[PDB]
Amino acid sequence: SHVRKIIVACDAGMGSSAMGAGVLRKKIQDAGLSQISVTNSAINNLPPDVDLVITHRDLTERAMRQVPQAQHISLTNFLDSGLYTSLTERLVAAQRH
């Protein structure tokens, strides 16, 4: 049971979904974590095997519901680089640990 799956979901499964996925994906690849996979999909579609779910706070309630047993991270803004940076550092820390 290793956390390696990160998926971004929103009500459109596309709009903000695309940018969030791309940025996170790039950082993960840069960190040499080829073992971690990144994809995006609509909220209505989230595999129960997902370990990490990243969505906008406005829709985090929904994702939690589908899988309240999963790990959810809420965003505030689409280009909130500060939040993205913090989250990335954290995941890296959790990866080693």
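For this deposition, the record names solution NMR as the technique by which the model was determined.

Where the PDB entry is consulted, the protein chain appears under the name mannitol-specific PTS system enzyme IIABC components, with the organism given as Escherichia coli.

Draft legend 1. View of the overall build of the protein chain. Looking only at helices and strands, the protein chain features three helices and four strands. Against the compact-globule benchmark of 13 Å for 97 residues, the protein chain has a radius of gyration of 12 Å, which places it among compact chains. Based on the C-alpha atoms only, the size of the protein chain along its principal axes is roughly 30 × 30 × 15 Å. Looking at the protein chain as a whole, 33% of its 97 residues are labelled buried. Pairs at least 24 apart in sequence give 53% of the contacts found in the protein chain among residues at least 6 apart.

Draft legend 2. Fine view of helix 2 (residues 57–66). Of the positions making up helix 2, those classed as buried are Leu 59, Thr 60 and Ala 63. With its buried residues spanning 125° around the axis, helix 2 presents them on a single face. Facing away from the buried surface of helix 2 by more than 90 degrees, the exposed residues are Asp 58, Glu 61, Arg 62 and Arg 65. Buried residues belonging to helix 2 abut strand 3 (52–56) and strand 4 (71–75).

Draft legend 3. Structural context of a nonpolar patch on the surface. A contiguous nonpolar surface patch, about 370 Å² in accessible area, is contributed by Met 19, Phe 78 and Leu 79. If you trace the backbone, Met 19 turns up in helix 1 (residues 15–30).

Draft legend 4. Highlighting the packing of helix 1 against helix 3 (residues 81–96). At a minimum axis separation of 11 Å, helix 1 and helix 3 run at an interaxial angle of 40°. With respect to helix 3, the axis of helix 1 lies oblique. Here helix 1 runs over helix 3; the crossing is right-handed. Across the interface between the two elements, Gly 20, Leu 24 and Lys 27 of helix 1 pack against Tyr 84, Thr 85 and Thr 88 of helix 3. The residue inventory of the contact of helix 1 with helix 3, partitioned by class, reads two nonpolar, three polar and one charged.

Calculation rules
- Residues numbered from 1 in each chain as written, not as in the entry; some residues may be left out.
- Heavy atoms only, no water.
- Helix = DSSP H or I, 4+ residues; strand = E, 2+ residues; numbered from the N terminus.
- Rg over C-alpha atoms; globule rule 2.2 N^0.38 Å.
- Buried < 20%, exposed > 50% of the residue type's maximum accessible area, 1.4 Å probe, protein only.
- Contact = heavy atoms within 4.5 Å.
- Arc of directions from axis to C-beta.
- Patch = residues over 30% accessible without salt bridge, like charges linked within 9 Å, V, L, I, M, F, W, Y side chains within 5 Å.
- Areas by Shrake-Rupley, 256 points an atom, 1.4 Å probe, with all protein chains shown as cover.
- Salt bridge = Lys/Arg side-chain N within 4 Å of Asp/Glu carboxyl O.
- Axes fitted to C-alpha atoms, helices over the stretch in contact; angles between N-to-C directions.
- Parallel < 35°, antiparallel > 145°, perpendicular 65-115°, else oblique.
- Left-handed = near helix turned anticlockwise from the far one by under 90°.
- Nonpolar A, V, L, I, M, F, W, Y, C, P; charged D, E, K, R; others polar.

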